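So basically every Cβ, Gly included, is an ideal-geometry build from the backbone, and we count neighbours across all protein chains shown. Every number here is computed from the coordinates shown, using simple stated rules; none is lab data.
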């Protein structure tokens, strides 16, 4: 639609005069079940979402797949848009297409402020997706150490079994992250849980890193 | 007529290539034949592109089925013309791919064409033994099957480099998503952790072509920037 | 396709005049019985249009491939609409069409892909009808060329009583009045059978104009 | 050439006379077509409910055409191999174009005239729209006509309206008990029918029937009337056949 | 297979009527009576009847076929099964039916029985040639349109012979 270009390019007076001339344009969606809030959150505009959320657009408007705007602001890295969506009362544990939560995608961008805002509002630290994977599996899958640490500021678990039976320690050792493995082990990781491949975290680690893993377990 | 494969091919391949008589002044050893393995990884295209971009010379791209014709004698004509133009023009690189289909033992005479062209493989297999002294060519190699390979190729001195491909190409997934999203419109909603963790389970090839299919599904003009809809939809389609 | 025809006589009239070629594009050539990879034919034929400097493209009966995809389309509709996505990507995508020209002919102006009805592609609209009295009289005179009849000529009643009819079907109604007049095997044809046979038969076309 | 003629039916001259003219005058009066500048239409739509005899009647008029009669079935275009419909259509116009003035009558066109929006009827849209392209892009198509008949007009292709295409749309409804008694009387004028037939009992029993159905009643009466012993056709054989086959 | 399919052997007589009181007359008046009284059916009517159609459950099938073969007062006639047409090198069926119908013209208007239509009815276009040409040879009165029509099948799933059968 035209409001997709208006909210995409950031036309201030064109969108203001367009909504003040026709209030239906705010509630109108395109063929992909995406309203102006999804385009203005995907673009990161503050004033446009302040006008749309000021008029009182439903914050829980999901698309065809189920992507809530809180995933767009969480993954977007825009702290102010998370302040606005959480200010309007967004669902901190909204279910998207693949059953994930905004914690996984805010963790993907390594945005600490968004994680504090979401987890402070009542987000589940151990929120599991369809594949039984939490934000620690993905943050550890890229190397977000401080994201896992601020996840541990909210008493998150470090032994979530993945769809293959892999704990966050398995993915930390698979990513060849030494400090992350030593920190997860030092903070309560289990080295005895095995996956579907029947491989312990010691065997998954190469270069004799399992000896210092279990060494730090006993030490 | 990783950095292990890039480093090993780097110092073992391009460093001997950029010097003449280096074989003579290094205490000659023949690690000239480099062999790759691993069916699930795509390979054999971006590595050859990187070879074709790092060095500026000639390249002989000949997939193993390039000489499978009705004329049994065309083999030595083509590979011998390539041999002479290689040793004469410039130190090119011969890319022999999928040696499993032309490197399998055979006892019967129904497939006498394949036994004849594998005897040609023995002929050039001895010519490369004669070409051990200051040859102006490189012979890289890649295969996806190692069970039916002939023991003569795997004999030491011929193929002294046997690299492997891992099932999870996590760094190649990150580079193959960054190399396509760096030019395409960047959406801040696009995640790469579930799209680097899911192909860890369901591994496949040509991920860049999957992103191009995601763009061909995102060219609807209703969606200005690509998102997860055509990512997971492009996964479930192809 | 309003209640007026002759688009084939016009496109085939200039096409019969010069057309600089005979690059006719039939709407039944995008069937693709096998896997829907018709992009090779869109880029192949439009690549021929970009290769040859002069080119004129005719697209007759586009309503069959002009599905509105309102509901969830099946695999047969999704491939045709995907060819429409290639048409989007090559009309308002990253490729200009300043020199090539396409002629989208159809039958019903209701299901003509309002996404494709953007004025970026279809600049002007030519309603094939007989609105003007001089156009209906002119087409009546060019279709009334080889006809013989009585010296009593009165075309203003035929043109006046005819309101929003089809051109080639006006030829079929006039020749149908020549058959009605030839039933009595008379060489001369009075215009009474023209007024009453164009009247009655044209009213039957209004009955079958739903 | 067939055996039956146009004088075998009764009560349809008001709608069949236009077709009899449309097949006689374009065959003998070609000289007058230049004084008047007339080109006969090539597509006539002989549509109506099934069982009405839209095939044996068009063949009965084909006996009056005196030209070569050539049938063709709709489903014959649907073949296993690809591109067969092009060979069948270009074959039909190959014998109509190449051969002498003939008559090509097709039937069951509605069974393949589906306007779907993979799909087989879209392949029949390739072959079908190819035939329409050979009836739209060919001005020398003034040669042999192509007569068509559809058993139903539910899926009506909108692109079948043109001078060369199926423009002659004469509706052929279900014959009433009077018309069925006429076609059954002329179709039964050869058997030894009893003269005491008031047509009221058979006119009452024949409710919502068709032409070929009463033809099957006549044939069935000619089948059991043999084994009934009496060589003369009785009156109970009408309802006996109606309740026999229906 | 054509000359192999020739059958002249005595077999089951009329004594094996399977309880069908009316049906055995419905078929007996068309298998036995038209040959015995050629003039009675031409003068008393317009032509003798065409034939009957035995199908449905197999049960004791093929017994009435041998009954019809043996119950001729002149000479047992040829019977034809349908399982011989589905073989390699398609197209032989055309010459097969045309030469057995030509021999039917040579046998002074003899009667021919066709068993197992389900083995040639119901890709299959190479079979559509033999069975549609078969319909063109049955509905076509060139060999004869009065001698005999009879088909034996286990299932009614053959729609083309079921829609073309009301003609003859």
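Before moving on, here are some points about what is shown:
- Relative contact order, whole percent, for chain C stands at 25, derived from Cα pairs under 8 Å and 6 or more residues apart.
- As a size descriptor, the averaged projected area of the C-alpha convex hull of chain B was calculated at 16.2 nm².
- P(r) tail, the protein assembly as shown: Cα-Cα pairs separated by more than 53 Å, 50% of all pairs.
- Average projection area in nm² (convex hull over Cα atoms of the range D:1-94, one quarter of hull surface): 8.3
- Alpha carbon convex hull of the range E:89-129, projected area averaged over orientations, nm²: 3.4
- The DSSP beta bridges internal to the protein assembly as shown are antiparallel in roughly 0% of cases.
- Residue C:196-residue A:21 pseudo-label distance in nm [points 7 Å out on the Cα-to-Cβ vector]: 6.0
- As a length-normalised measure over Cα pairs under 8 Å and 6 or more apart, the relative contact order of the range A:83-174 settles at 25 percent.
- Listing A:33, D:163, B:214 from fewest to most neighbouring C-beta atoms within 10 Å gives A:33, D:163, B:214.
- As a length-normalised measure over Cα pairs under 8 Å and 6 or more apart, the relative contact order of the range D:174-246 settles at 40 percent.
- With the highest mean first, a sort of the peptides E:151-162, A:104-115 on other beta-carbon atoms found within 10 angstrom per residue produces A:104-115, E:151-162.
- Calculated [θ] (222 nm, deg cm²/dmol) that DSSP helices of n ≥ 4 give over the protein assembly as shown, each run adding -39,500 (n - 2.57): -13000 deg cm²/dmol
- Taking every residue in D:30-39 and counting other chain Cβ atoms within 10 Å of its Cβ, the average works out to 5.
- FRET efficiency estimate (nearest 0.05) - Cβ-Cβ, residue D:4 to residue E:76, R0 51 angstrom: 0.85
- Between residue A:2 and residue B:26, the modelled labels are 6.8 nm apart [label points 7 Å from Cα along Cα→Cβ].
- Cα-based helix-to-principal-axis angle, A:209-218 vs chain A, degrees rounded to 10: 80
- Seen against the Cα atoms of chain C and their longest principal axis, helix C:133-143 is set at about 80 degrees.
- Relative to the longest principal axis of the Cα atoms of chain A, helix A:112-121 runs at roughly 80 degrees.
- Shielding of peptide B:196-203 by partners, expressed as the average count of other chain Cβ atoms within 10 Å per residue Cβ, is 3.
- Under 19 Å from the residue D:156 label point (7 Å along Cα→beta-carbon), backbone N, the range D:86-130: D:108-117
- Per-residue Cβ neighbour rank within 10 angstrom, fewest leading, B:201, B:236, D:54, A:62: B:236, B:201, A:62, D:54
- Residue among C:111, C:175, C:96 with the largest mean-square fluctuation in a Gaussian network model of chain C, springs linking Cα atoms under 10 Å: C:96
- Averaged over the residues of peptide D:229-237, the number of Cβ atoms from other protein chains lying within 10 Å of each residue's Cβ is 1.
- Among beta bridges identified by DSSP and lying wholly in the range D:1-150, the antiparallel ones come to about 0 percent.
- Between residue B:175 and residue B:74, the simple label model (points 7 Å from Cα in the Cβ direction) yields a spacing of 3.6 nm.
- Per-pair calculated FRET efficiency, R0 = 45 Å: residue C:135 and residue A:32 via Cβ, rounded to 0.05: 0.50
- Fewest-first ordering of B:23, A:153 by other beta carbons within 10 Å of each residue's beta carbon gives A:153, B:23.
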